[PDB]
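1. piece number one of the complex, untouched:
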Amino acid sequence: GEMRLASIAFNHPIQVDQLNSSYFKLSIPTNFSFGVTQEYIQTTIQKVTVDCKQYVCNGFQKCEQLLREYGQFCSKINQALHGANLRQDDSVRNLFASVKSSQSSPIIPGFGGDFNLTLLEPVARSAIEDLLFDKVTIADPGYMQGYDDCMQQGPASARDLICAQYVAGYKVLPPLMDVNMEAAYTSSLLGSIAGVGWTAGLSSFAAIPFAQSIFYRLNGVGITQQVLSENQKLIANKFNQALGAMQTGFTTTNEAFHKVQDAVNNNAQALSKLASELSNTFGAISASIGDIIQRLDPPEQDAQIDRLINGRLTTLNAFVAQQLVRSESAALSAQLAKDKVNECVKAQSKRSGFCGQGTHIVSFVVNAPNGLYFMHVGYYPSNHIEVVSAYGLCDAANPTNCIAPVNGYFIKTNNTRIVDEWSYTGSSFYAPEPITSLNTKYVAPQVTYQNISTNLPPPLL
């Protein structure tokens, strides 16, 4: 069929009518689900260096003599590239300094109890990290066996730019981080889990079960403790369903996944731009220096060589500038990752904004090529209902006896188990309960507080 014109839909917010007087309508969810979002923060640029003699010419004596006039350009090029590479390694060390913890839990199979925890290493990296590496389309790795994979002692079907590295004079520097050490760093972060609570968490280490730290976080968002105790298996089930969705998360519609793939593509593009320029004439008779030498008398020969050399140098200068820009953006991105490790991961956060949009509950990070990949567990509200609520309550016999709810609301009761006309609820979920001193605090009196003439247990009198 023909493509169809359509309006862009605008989802309307649920309207809640404003009410006058001393009481108000309140919207509260009656259902929720766990769910996840993911992010990819690049932290590095692949490090490369350039032989500035071999890029231009390849041992022909005439161009070497000609190149000597321009030899200082290469010195500038090499120094700039070297400084760019030093910055990349500075960022790695700085990030790892925050990744490390003074202490951690040991990690064993069956960790997390009823939670499934597919992220655990196959003692290793992790199955999730390996799925990411398998989904990524990146060319086969350097270093070993290297140079002999360029060479005739291998398949004729190799198509690696890494073999072309030894033609062009490119050098790919190894990453500083070492993948085995990197895997150890991600397990150290998992060992800091259980947890972040029980004050700032910056000295002591709680060393408690993972499930207990989860209940703490759930009580930290206004879910009542009573609800948490009754739903413990239900919570684990909904949580595991959200985790199970990660097996479908490695798809092209996942934007974080897409960004990982494009970081890989950007590095490959920089090198392929460079390879194509080796064949680019600048009006020279041939891209090969030896060919123009063979075909020309030397007084004319170096006119052709000069045209060719200058265009080759110009592409190197542009190339360095491109790398410097990319290196700086990576450094900034690395700082952002460090901030999230010291905020979104190391603690529960109340900020909204950062982390996935479902309040905040514990988040995780795994290794990704050239960066970190974050996953954020979150809470999604559903099935909102409107209820009657009051700003506070006070004894009609004594105007100074005034209370207001803590982390929750006073609502008219709609529940058959509560004889009291009013009830306390959690703010994250609909959960009415009797009003007791544990869930309330004394406050200064206000005109909108209800005047209760009979039964209030807080204060009893």
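-> Arrived safely, thanks for sending. Numbers count the residues shown, from 1 in each chain, chains lettered A, B, ... in the order given.
2. hang on, isn't residue A:201 packed against residue A:193?
-> No - between residue A:201 and residue A:193 there is no contact under C-beta atoms under 8 Å: 10.9 Å. For the C-beta atoms, the positions are set from N, CA and C on the backbone; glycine is no exception.
3. Name the nearest residue to residue A:386, ignoring sequence neighbours.
-> residue A:25 (5.2 Å; C-beta to C-beta, 6 or more residues apart in numbering).
4. Who are the contact partners of that neighbour?
-> Residues near residue A:25 by C-beta atoms under 8 Å, 6 or more residues apart in numbering: A:16-19, A:386-389.
5. follow-up on the earlier one: which one of residue A:201 and residue A:193 is surrounded by more residues?
-> residue A:193 (21 against 15; other C-beta atoms under 10 Å).
6. who's in contact with the spatially closest residue to the more buried one that is not a sequence neighbour?
-> On the basis of C-beta to C-beta, 6+ apart, the spatially nearest residue to residue A:193 that is not a chain neighbour turns out to be residue A:210, at 6.3 Å. Counting by C-beta under 8 Å, 6+ apart, residue A:210 touches A:111-113, A:115, A:193-195.
7. mind checking the backbone torsions on residue A:20?
-> Here is the backbone geometry of residue A:20 (degrees, to the nearest 10): phi -80, psi -180.
8. throw chain B onto that model:
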Amino acid sequence: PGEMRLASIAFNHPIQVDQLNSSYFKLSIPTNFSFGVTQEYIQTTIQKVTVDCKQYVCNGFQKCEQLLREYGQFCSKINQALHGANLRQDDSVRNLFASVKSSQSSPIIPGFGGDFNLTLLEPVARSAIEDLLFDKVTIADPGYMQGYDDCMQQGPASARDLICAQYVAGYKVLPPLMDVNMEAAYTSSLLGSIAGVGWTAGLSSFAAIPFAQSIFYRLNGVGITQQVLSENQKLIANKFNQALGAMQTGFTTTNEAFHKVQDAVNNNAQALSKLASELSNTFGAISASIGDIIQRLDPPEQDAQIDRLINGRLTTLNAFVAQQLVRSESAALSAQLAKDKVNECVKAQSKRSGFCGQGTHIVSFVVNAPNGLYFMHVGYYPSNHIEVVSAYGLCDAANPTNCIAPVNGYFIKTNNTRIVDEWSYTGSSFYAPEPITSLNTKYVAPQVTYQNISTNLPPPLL
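-> Time to bring in chain B:
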């Protein structure tokens, strides 16, 4: 006029307050305050454009068409680069708006906010304030519809728009990703997302309480005592409205945020205009026009002149792409900043300082602006500071384990004739003594600097 005057730059000295020896200290507290406003312009996007890579270079003259084939791969790189930059701009908008929307909101009605004036309410629409901004902006009229028929000979001879010059240069100005009415609805939803603000982080619940009520909650959130607030309720609304009314005079060139909006408009205009001038830029070629060099040259010569003309034209296009890539990335970073401000400066009161207006924090608002968002931050400005005597805490002299310290305020020696007690409590934000009661204090561990009270304290009574 007379001669100019050399002058020293003034240095405003801070009010000095003495550090003090032993168990008590001077305390500086304001005795007056006023509302005030600060504002910011955060750009979020770059205008999206594309360039026909054949039409910019030549006008379809056949000799160019034959010669251009040698360079056809440069154009593909140009088109792809611009296309990806434009894609990123659209993605950033969608990403931002996903956090802008609220799951629920109050309906917007006339007379909202009670005694507050609220000129931001829609003319049920955009807002009167947004319209003041758009009228102050000097930007050329939009295309699309009727578009091209305002460029065509059936129209005024006086148009000078770069927008109709678009059909000469091979330029295309892409339409903005969102209809302006949807954008207004996104910010209408933000207006309706106010209240709840308090009562936990507000993340799912919607308190749906009057705007004035939410303000008093915020004022207790900065340490102003409730008694003061109840006495001054009309006064507070009036001071607030005076600060609000000043926004109608805020659209001047002396407003720096306004100036940044004006510059954003001319950054887009400047980029396009540069290339219009480059159409006339000969590179030493016999003429900048291809048809001229065709009509005046034998074809063996003609082609050489055409190639020289083409080479410089391609070079300016390459430079232009580099310029666009830089601008697009800076806009993306700026958009990220806006996203955090929506989730902090707008959606909730914040204690951070720094961010938002320079007067603690109370509610802030955001409106649509060309290429961006414009923020206003209401703030609190202290005045008429006085020094008073204050104590670190109080304890029972007969029972040294009974020690208390003030909550959200300070213990002061009383200077008020209605309080018989020698000590009094005032809020951190304002000078206003009150009796010390259990509601304003908490029990603390004893310390040597606490006063030894041998007479009368009601919290604890004994």
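9. now that chain B has been added, could you go back to the contacts of residue A:25?
-> The contact partners of residue A:25, taken as C-beta atoms under 8 Å, 6 or more residues apart in numbering or on different chains, are A:16-19, A:386-389, B:208.
10. What's the ChimeraX line that selects buried ones from these?
-> Buried members of these, defined by 16 or more other C-beta atoms under 10 Å in any protein chain shown, are picked up in ChimeraX with:
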select /A:16,18,387,389 /B:208
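11. quick one: which of the contacts of residue A:25 sit in strands?
-> Among the contacts of residue A:25, the ones falling in strands (DSSP state E) are A:386-389.
12. Would you check which pair of those residues lies furthest apart?
-> Between any two of the ones in strands among the contacts of residue A:25, the greatest separation by C-beta to C-beta is 9.6 Å, found for A:386 and A:389.
13. shared neighbours of the two, anything?
-> If you check residue A:386 and residue A:389 against C-beta under 8 Å, 6+ apart, the residues they both contact are A:25-26.
14. Look up how far chain B lies from the closest residue to residue A:315 other than its chain neighbours.
-> Spatial nearest neighbour of residue A:315, excluding adjacent residues (C-beta to C-beta, 6 or more residues apart in numbering or on different chains): residue A:277 at 5.0 Å. Note on residue A:277: its distance to chain B, by C-beta to the nearest C-beta, to the nearest Å, is 12 Å.
15. what's the answer for residue A:356, then?
-> Remark: distance between residue A:356 and chain B (C-beta to the nearest C-beta) = 11 Å.
16. add one more, call it chain C:
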Amino acid sequence: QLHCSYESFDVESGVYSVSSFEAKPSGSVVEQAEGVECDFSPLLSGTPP
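-> Now chain C, sitting on the chains shown earlier:
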């Protein structure tokens, strides 16, 4: 043309710009000085030689 720009037989979905119409040429309009007139009027009067 779109396929040639991506050097492939399978372009990714999207909206893409393509080259603009040239519009069209129309018959010429010219202005130049006129009427200079080689004056042969002496042939029309008096007796010829």
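17. Check the contacts of residue A:25 one more time with chain C there.
-> Contact partners of residue A:25, counting by C-beta under 8 Å, 6+ apart, are A:16-19, A:386-389, B:208.
18. Bridge partners for it, pull those for me.
-> residue A:388 (DSSP bridges).
19. Now for the residue of chain C found nearest chain A, how many residues are close by?
-> Nearest residue of chain C to chain A: residue C:12, at 10.2 Å (C-beta to the nearest C-beta). Using other C-beta atoms under 10 Å in any protein chain shown, residue C:12 is surrounded by 7 other residues.
20. and the residue nearest to residue A:99 when sequence neighbours are not counted, what does it touch?
-> Sequence neighbours aside, residue A:185 is the residue nearest to residue A:99 in space, at 5.0 Å (criterion: C-beta to C-beta, 6+ apart). Counting by C-beta under 8 Å, 6+ apart, residue A:185 touches A:96, A:99-100.
21. and what of residue A:228?
-> Per C-beta under 8 Å, 6+ apart, neighbours of residue A:228: A:215, A:218-219, A:235.
22. how about those residues in a markdown table, adding distance to chain C?
-> Listed next are these as a markdown table, based on distance: C-beta to the nearest C-beta, whole Å:
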| residue | distance to chain C |
| --- | --- |
| A:215 | 46 |
| A:218 | 42 |
| A:219 | 47 |
| A:235 | 40 |
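23. Pick the one among these closest to residue C:1.
-> Lowest distance from residue C:1 to the contacts of residue A:228 (C-beta to C-beta) belongs to residue A:235, with 56.4 Å.
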